[PDB]
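Undergrad: got a sequence here, can you build the structure:
(one chain, ligands or ions: 2)
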Amino acid sequence: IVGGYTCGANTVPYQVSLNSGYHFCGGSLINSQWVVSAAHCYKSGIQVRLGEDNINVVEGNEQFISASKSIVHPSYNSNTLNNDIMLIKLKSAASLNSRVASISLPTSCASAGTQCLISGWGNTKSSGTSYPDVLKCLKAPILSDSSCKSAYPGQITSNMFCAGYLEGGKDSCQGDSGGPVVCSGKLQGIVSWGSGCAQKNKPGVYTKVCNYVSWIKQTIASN
Ligand SMILES: [Ca+2]
Ligand SMILES: [Mg+2]
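TA: Numbering: from 1, shown residues only. Ligands and ions are numbered 1, 2, ... in the order given. Next up is the structure itself:
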C-alpha cells in the first residue's frame, strides 16, 4: 500500500496473509473454514496466517492453518485476469474472536463514490521497494467505470472495477494482491492488478465480488 497508514494491530480482523515460507498474498476470511483471495495468488502448499499484524514477529494473536484445498474460478483467464478470484478451505476451522473475524459478502454491488478500506503488507513506494512488516491501510473511493476504462482501454470487463485516486499518490501495490476492499461493511473487491503503483491516471483494478456471491456460496456449501 502506497500513501496509506498503519492500521493498528488487529483492526482489520478478517485480513489474512497467505504464506508459502514467506508472505506472498493477502486474503479475506469469510467464515471459520474459508478464505477468498485472487486466483493469480494460486500456489500449491499454502499456510493461511490469521490474526497477524507484524508478519515477522509472533505477537500472540496468530493462528497458522494449512489449506486443505484451493478452488480457482472456473473461468479465470490468467492473460486478462478476468474472474480473478479463488477460494481456499482451511484444514481446521479457525477460532473466531475479536482479533480474527470473518467479513460479510455483499447483497448488492456498490456505487462509484463509495469509500472503501484496502489493506495489506505490500510495497509502500511508487518508485522503489520497501516492504513493511505491519499491516497498512488505505481509504479510497470506487471510481466511475468510465474513468477506469479510459485508463485501461480494452482491458476492463464487468467483473472489475477501479478504486483510488487519478492524481496518483495513494494505491494498493504488489504484495497486497488477493487482499480485501471493504465498503460499507461488505467485501466488494479483491486487489487484482494495476499499472505500477500510485501513478497518475493508473488507478488500481479490483475483482468485483458482488458478481460472484452465488458461485462462492454454492462452492463452499459443496466442499
Ligand atoms: Ca506476527
Ligand atoms: Mg492484502
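
Undergrad: for the chain, which residues are neighbours of ligand 2?
TA: Within the chain, the positions adjacent to ligand 2 are 26, 120, 176, 179 by CB under 5 Å from the ion. All C-beta atoms are positioned from the backbone trio N, CA, C, and that covers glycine.

Undergrad: ok, 8 Å please
TA: Residues of the chain that fall close to ligand 2, judged by CB under 8 Å from the ion: 15, 25-27, 118-122, 172, 175-180, 191.

Undergrad: how far away is the residue nearest to residue 15 when sequence neighbours are not counted from residue 166?
TA: Nearest residue to residue 15, sequence neighbours excluded (CB to CB, 6 or more residues apart in numbering): residue 119, at 5.4 Å. Counting by CB to CB, to the nearest Å, the separation of residue 119 from residue 166 is 21 Å.

Undergrad: who's more crowded, those two?
TA: residue 119 (25 against 15; other CB atoms under 10 Å).

Undergrad: surely that one is in contact with residue 180?
TA: Yes: using CB atoms under 8 Å, residue 119 is in contact with residue 180, at 6.4 Å.

Undergrad: tell me the centre residue of the protein?
TA: residue 179 (1.6 Å; CA atoms, centre = their mean).

Undergrad: and stretch 119-138, end to end?
TA: 6 Å (CA to CA, to the nearest Å).

Undergrad: max-length helix in the protein?
TA: Longest helix in the chain, counting residues (DSSP state H): helix 213-221.

Undergrad: who's in contact with that one?
TA: 30, 31, 33, 34, 36, 71, 73, 87, 89, 105, 106 (CB atoms under 8 Å, 6 or more residues apart in numbering).

Undergrad: and the gap between the fifth one and ligand 1?
TA: This means residue 36. 22 Å (CB to the ion, to the nearest Å).

Undergrad: number of residues surrounding that residue?
TA: Neighbours of residue 36 (other CB under 10 Å): 25.

Undergrad: next, the buried residues of the one helix or strand it maps to.
TA: Here residue 36, judged by DSSP states H and E, is contained in strand 34-37. Neighbour counts over strand 34-37 (16 or more other CB atoms under 10 Å) mark 34, 35, 36, 37 as buried.

Undergrad: hang on, isn't the third one packed against residue 73?
TA: When you say that, I think you mean residue 36. No: contact criterion CB under 8 Å: residue 36 and residue 73 do not qualify, at 10.4 Å.

Undergrad: between the two, what contacts are shared?
TA: With CB under 8 Å, 6+ apart, residue 36 and residue 73 have common neighbours 85, 86.
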